[PDB]
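[1] so I pulled this structure from the PDB, and the sequence comes with it:
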Amino acid sequence: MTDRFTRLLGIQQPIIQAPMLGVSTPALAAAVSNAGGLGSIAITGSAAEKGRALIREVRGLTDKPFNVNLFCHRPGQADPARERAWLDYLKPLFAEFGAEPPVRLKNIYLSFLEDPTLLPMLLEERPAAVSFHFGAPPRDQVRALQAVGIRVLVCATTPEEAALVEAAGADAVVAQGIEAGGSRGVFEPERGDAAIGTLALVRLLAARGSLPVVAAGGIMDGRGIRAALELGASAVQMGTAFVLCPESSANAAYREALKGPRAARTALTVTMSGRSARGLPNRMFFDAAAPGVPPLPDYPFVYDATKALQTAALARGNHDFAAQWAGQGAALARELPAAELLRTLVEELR
Amino acid sequence: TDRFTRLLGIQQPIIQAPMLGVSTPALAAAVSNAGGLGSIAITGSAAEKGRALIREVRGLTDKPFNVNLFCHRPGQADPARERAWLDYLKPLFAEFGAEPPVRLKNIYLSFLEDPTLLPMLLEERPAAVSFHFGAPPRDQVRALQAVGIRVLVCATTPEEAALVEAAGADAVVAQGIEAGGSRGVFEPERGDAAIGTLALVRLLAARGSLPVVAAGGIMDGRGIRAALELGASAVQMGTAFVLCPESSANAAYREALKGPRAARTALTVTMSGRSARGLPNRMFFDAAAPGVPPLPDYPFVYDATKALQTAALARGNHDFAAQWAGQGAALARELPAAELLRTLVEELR
Ligand SMILES: Cc1cc2nc3c(=O)[nH]c(=O)nc-3n(C[C@H](O)[C@H](O)[C@H](O)COP(=O)(O)O)c2cc1C
Ligand SMILES: Cc1cc2nc3c(=O)[nH]c(=O)nc-3n(C[C@H](O)[C@H](O)[C@H](O)COP(=O)(O)O)c2cc1C
């Protein structure tokens, strides 16, 4: 299965370094691709021409295939009244840092479904792989990418979501287990979250004998990779393992957090961004259902509010509101140059 | 690795999970005779009934087997809380022409509150004694080990695993979020880390000392191989054995697990008073919803639910049943237990 997948992508090793918005960089992606895996960058939140520049930066650092990731959520629905109430609720937190909340919130992460400039840019630049999170694009768009040689991956958290990935015509499904760090790939969180663990999810999707399955969530070493392959996966995707790499853009506080005792426990929160996401809990991790908490605005408007608070806190040296995403294998994190980490994972896999 | 197999004197690193209401002496004996470790659960029975169940297993196998006991913090009776809960359930009872019970009972005595259990186990000396929801005091673990019993305790986190090591147990059963039935969380009031099997097993094997038994979501030899790659010394499988004819799952449960409902499991605290995974039905609702009163302690809640199940059953209604199943439920197979064990071994090899 790994022979099939590595051949499908242009690569030597069945290991994808996860795209991680705010953490992956062209340097990180190129290091992993150079070492033989599939490096990744995340381009959502940037204008298409900035995305183009980022893709070109990676190409200036590696000749090998890499992965470009875009969010494909339902386009956020602005709700000024609900957003106003949310900001008013956050007011005392801003005031701790001598700040006021932003006067309005913005749709800071445009979905692939709402920014028509993204697809033609990708068709021009032709990265080896394009991946989607939160949903699959229409079949005709997936086809357009494939027509110029691009391999298309989509994340799914359930067999039902995997069926939609299949119907979209993707080349592979990234099976994201509950272990995974960062945003959950749930398509329609208003319907709930089955919260299936990696070991069950990968086996269920592989037992379907359709798309190659890339296991994502909680994998930190070659033993984890071997286990994923035993379950039927064709490859793995690893985020938390690469966060401490010097090539990533994690800041010092994030690295310190992930190296220390806080790594012993991760949690899910919707109050950071408006969508369920896993990280090291802090003051942004509260109960949205608690008395006094007004209704949550839509994703990604909530994250715009949180980013403003993060900025105010950071300006006073306070890191207690940071987005420090991490999977349930966080305590097994290592700090190595990314090429060395890739090499080490391959040795462990053998 | 032969770390677990040599510890228990068995041929195969596979435990058929103890499953209160589903495992039987016949199931345990079939699995043990086939070379694995069969298990029974004896909580909810008087010690002498537990003794009888242990003797039933011995009548059917000369091989090692596992006897499981709940080790939760003893439930505290609270008549006012229980009356409020019964009142909330009242319309459900009325739907079936029944009255709710007047009082709730502590139907599942913890190992910590029934002092007749330890002496009985010391006399009967099963090969393994296992504990769910907590570890007994070190002195009691030692008492069992002193007569040659291997002691297993379930843990859902590295912090709970540390308590298992502190208690001096022989092995830790790492229960991932995939697992069917009751979650082994020691102190649910502190929250639930809800760690998946793949992370949990690796964490315990990479950072701890004890042999790790992987539990949750494992349905075939590929799953067993995956667990061993993560560093487990054995596996424990519940859902996989539910459909065996030797189990005491009723027909509705068997048909539910075989049919389309197997595509979704969920956790509920409203069935028993403790978080547990199964095929969702009318007993699966949000305990934090508007108008829902505070939950009585475990296991008093389950006594209430059993009464409702009885009433619904009398009218041919199965929508309140406890049909526990793990997240690998869609991969369940229906075979004689010894034949399933043989198949798993072939798949493992
Ligand atoms: C800090 C961080 C950032 C992430 N950013 C993205 C992202 O921008 N887009 C995306 O599709 N997935 C993102 N992910 C999720 C990964 O693709 C993958 O599901 C996850 O990293 C696997 O879990 P692991 O961290 O245990 O390896 C991110 C994960 C983390 C920890
Ligand atoms: C119907 C059912 C009943 C169970 N009963 C018990 C029990 O009585 N005592 C216990 O310690 N574990 C019990 N378990 C949990 C198992 O020990 C084990 O954690 C779980 O079955 C593993 O998940 P799996 O069903 O995916 O194999 C039960 C599980 C199920 C599905």
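    Alright, I've got the coordinates. Numbers count the residues shown, from 1 in each chain, chains lettered A, B, ... in the order given. Ligands and ions are numbered 1, 2, ... in the order given.

[2] which phi and psi values does the residue in the stretch 251-350 of chain A that ligand 2 sits nearest to adopt?
    Relative to ligand 2, the nearest point of the stretch 251-350 of chain A is residue A:328 (17.4 Å; CB to the nearest ligand atom). C-beta coordinates here come from the backbone N, C-alpha and C atoms, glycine included. With angles defined as degrees, to the nearest 10, residue A:328 sits at phi -70, psi -10.

[3] got a list of what it touches?
    Neighbour list for residue A:328: A:178, A:179, A:180, A:217, A:218, A:266, A:278, B:195, B:196, B:199, B:200 [criterion: CB atoms under 8 Å, 6 or more residues apart in numbering or on different chains].

[4] what about the strands in the stretch 1-150 of chain A?
    In the stretch 1-150 of chain A, the strands defined using DSSP state E, counting those that start in this stretch lie at A:15-17, A:39-42, A:66-71, A:129-133.

[5] need these in JSON lines with distance to ligand 1 and mean neighbour count, can you?
    What follows is those, written out as JSON lines (distance: least, CB to the nearest ligand atom, whole Å; neighbours: other CB atoms under 10 Å in any protein chain shown):
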{"stretch": "strand A:15-17", "distance to ligand 1": "8", "mean neighbour count": "29"}
{"stretch": "strand A:39-42", "distance to ligand 1": "4", "mean neighbour count": "27"}
{"stretch": "strand A:66-71", "distance to ligand 1": "5", "mean neighbour count": "26"}
{"stretch": "strand A:129-133", "distance to ligand 1": "3", "mean neighbour count": "26"}
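
[6] neighbours of residue A:57, how many?
    Here the count is done by other CB atoms under 10 Å in any protein chain shown, and residue A:57 has 15 residues near it.

[7] same check, this time on residue A:33
    Residue A:33, neighbours per other CB under 10 Å, totals 28.

[8] that one is in contact with residue A:41, isn't it?
    No - between residue A:33 and residue A:41 there is no contact under CB atoms under 8 Å: 10.5 Å.

[9] any residues in contact with both of those two?
    A:58, A:66.

[10] ok, and the closest non-adjacent residue to residue A:232?
    In space, residue A:232 comes closest to residue A:206 once its chain neighbours are excluded; the distance is 2.5 Å by CB to CB, 6 or more residues apart in numbering or on different chains.

[11] for the one you found, give me its contacts.
    The neighbourhood of residue A:206, defined by CB under 8 Å, 6+ apart, consists of A:213, A:231, A:232, A:233.

[12] OK, now which residue of the stretch 1-150 of chain A is nearest to chain B?
    residue A:1 (11.8 Å; CB to the nearest CB).

[13] that residue: neighbouring residues, count only.
    Counted with other CB under 10 Å, the neighbours of residue A:1 add up to 14.

[14] the residue nearest to residue A:232 and ligand 1: what is the separation?
    Counting by CB to the nearest ligand atom, to the nearest Å, the gap from residue A:206 to ligand 1 is 17 Å.

[15] again with residue A:92
    Summarising the geometry, the distance separating residue A:92 from ligand 1, computed by CB to the nearest ligand atom, is 28 Å.

[16] same question, residue A:22
    Taking CB to the nearest ligand atom as the criterion, residue A:22 is separated from ligand 1 by 7 Å.

[17] what's the burial count for that residue?
    The number of residues packed around residue A:22, counting by other CB under 10 Å, is 15.

[18] and residue A:13, by the same measure?
    Residues within reach of residue A:13, counting by other CB under 10 Å, total 22.

[19] so what's the residue of the stretch 101-250 of chain A found nearest ligand 1 closest to, chain neighbours aside?
    Per CB to the nearest ligand atom, residue A:239 is where the stretch 101-250 of chain A lies closest to ligand 1, at 2.2 Å. For residue A:239, the nearest residue in space outside its immediate sequence neighbours is residue A:18; the separation is 3.4 Å by CB to CB, 6+ apart.

[20] looks like the one you found contacts residue A:38 (just checking).
    No - contact criterion CB under 8 Å: residue A:18 and residue A:38 do not qualify, at 9.9 Å.

[21] grab the nearest non-local neighbour of residue A:73.
    Setting aside the residues directly before and after it, residue A:73 is nearest to residue A:134 in space (CB to CB, 6+ apart), at 3.9 Å.

[22] what sits against residue A:181?
    By CB under 8 Å, 6+ apart, the residues touching residue A:181 are A:217, A:239, A:240, A:266, A:278, A:279, A:325, A:326, A:327, A:330.

[23] in chain A, which residue sits furthest out from the middle?
    Outermost residue of chain A with respect to the C-alpha centroid, by CA atoms, centre = their mean, is residue A:98; its distance is 32.3 Å.

[24] please list all residues in contact with the closest residue to chain B within the stretch 151-300 of chain A.
    When scored by CB to the nearest CB, the stretch 151-300 of chain A has residue A:197 as its residue closest to chain B, at 3.1 Å. Residue A:197 makes contact with A:177-179, A:217, B:176-178, B:196-198, B:216-217, B:327 under the criterion CB under 8 Å, 6+ apart.

[25] do stretch A:149-167 and chain B meet at all?
    Yes - counting by CB under 8 Å from any CB of the partner chain, contacts between stretch A:149-167 and chain B involve residue A:159.

[26] using CSV, list the CA coordinates for that stretch.
    Backbone C-alpha positions of stretch A:149-167 (Å, rounded to 0.1, in the frame of the first residue of the first chain) are rendered in CSV as follows:
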residue,chain,number,x,y,z
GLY,A,149,-1.5,16.5,-12.9
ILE,A,150,-2.3,17.6,-9.3
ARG,A,151,-3.1,14.8,-6.8
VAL,A,152,-6.1,15.8,-4.6
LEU,A,153,-6.5,14.8,-0.9
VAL,A,154,-9.4,15.6,1.3
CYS,A,155,-9.7,15.1,5.1
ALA,A,156,-12.6,13.0,6.5
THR,A,157,-13.5,12.1,10.1
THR,A,158,-16.1,9.5,9.5
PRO,A,159,-17.0,6.8,6.9
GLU,A,160,-19.9,9.1,5.8
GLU,A,161,-17.5,12.0,5.1
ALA,A,162,-15.1,9.5,3.4
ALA,A,163,-18.0,8.6,1.0
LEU,A,164,-18.3,12.3,0.1
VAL,A,165,-14.6,12.4,-0.6
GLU,A,166,-14.9,9.4,-2.9
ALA,A,167,-17.9,11.1,-4.7
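
[27] okay, buried residues for that stretch please.
    Residues A:150-159, A:161-162, A:164-166 are the ones in stretch A:149-167 that count as buried (16 or more other CB atoms under 10 Å in any protein chain shown).

[28] what's the longest helix in chain A?
    helix A:80-95 (DSSP state H).

[29] helices or strands next to it in the packing?
    Using 3 or more CB pairs under 8 Å, 6 or more residues apart in numbering or on different chains; DSSP states H and E as the contact test, the elements touching helix A:80-95 are helix A:301-314.

[30] what segments of chain A are helices?
    With DSSP H as the criterion, chain A has helices at A:2-8, A:26-35, A:48-59, A:80-95, A:118-125, A:139-147, A:159-167, A:198-206, A:222-230, A:240-243, A:252-259, A:301-314, A:338-349.
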